[PDB]
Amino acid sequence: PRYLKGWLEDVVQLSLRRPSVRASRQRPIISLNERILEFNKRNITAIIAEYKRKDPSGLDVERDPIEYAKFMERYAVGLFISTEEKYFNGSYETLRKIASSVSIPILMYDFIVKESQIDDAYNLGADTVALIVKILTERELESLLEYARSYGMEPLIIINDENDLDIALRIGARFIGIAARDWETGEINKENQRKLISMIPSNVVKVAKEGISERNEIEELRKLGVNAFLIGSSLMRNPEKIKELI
């Protein structure tokens, strides 16, 4: 990984020693980027719902993951399931349970820094993973993108700035998540998010990664080329909100 500081350095060290799972996938790969494009073609707003029990911001919620997943199966284009343990209170077993219970695409969200975590995602039933430019060397990022593609996954490459986007495009990313609120500092910047979105090629599937909460804001971003919307804490608080958003 890159050399990092603070909690990001911490979570990377934790991820390096994460024990891998042994499990046979008993679930097809259900592609998230493909389903997003299907929703666009049908003019249905494509919301990716997060399940996370905690986050470094101060989210702290208990709710049944299966009930949440089964509810979201009716409305969401896909699910984003946190499996990081220390800051997001996630687990591999929760991912497994959710994946066995619904037939919409699932993205395993974690701090992926080694191949066995992608093995884990596949074996547990996730349909794809996120890779975070800012924690990986370019070589690693390229290698892990190819490794995820070898499973038939198209990973979501998360960018935070123009430097990240340069790297993402150079390694041939076709599915990019654009972070609004900085995930480290917590500083919101919708202006920078829009500027980044405007610099992405039209043949990339674009996910506005958090930073949204209302219907009007979706429509504006939609016009700017955003294909799907990742929404987290507000749906963990009030799942039925997704109905209004779509």
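Numbering starts at 1 and follows the sequence shown.
- Taking the mean C-alpha B-factor of each stretch as recorded, 216-224 and 30-38 are not equal, and the higher mean is that of 216-224.
- For the pair 46-54 and 183-191, the mean Cα B-factor is higher in 183-191.
- Among all modelled residues in its chain, residue 82 ranks in the lowest third by Cα B-factor.
- The deposited CA B-factor of residue 196 belongs to the highest third of values across its chain.
- Ranked by C-alpha B-factor against the other modelled residues of its chain, residue 207 falls in the lowest third.
- Per-chain ranking of the deposited C-alpha B factor places residue 100 in the highest third.
- Among the modelled residues of its chain, residue 230 has a C-alpha B-factor that falls in the lowest third, as given in the PDB entry.
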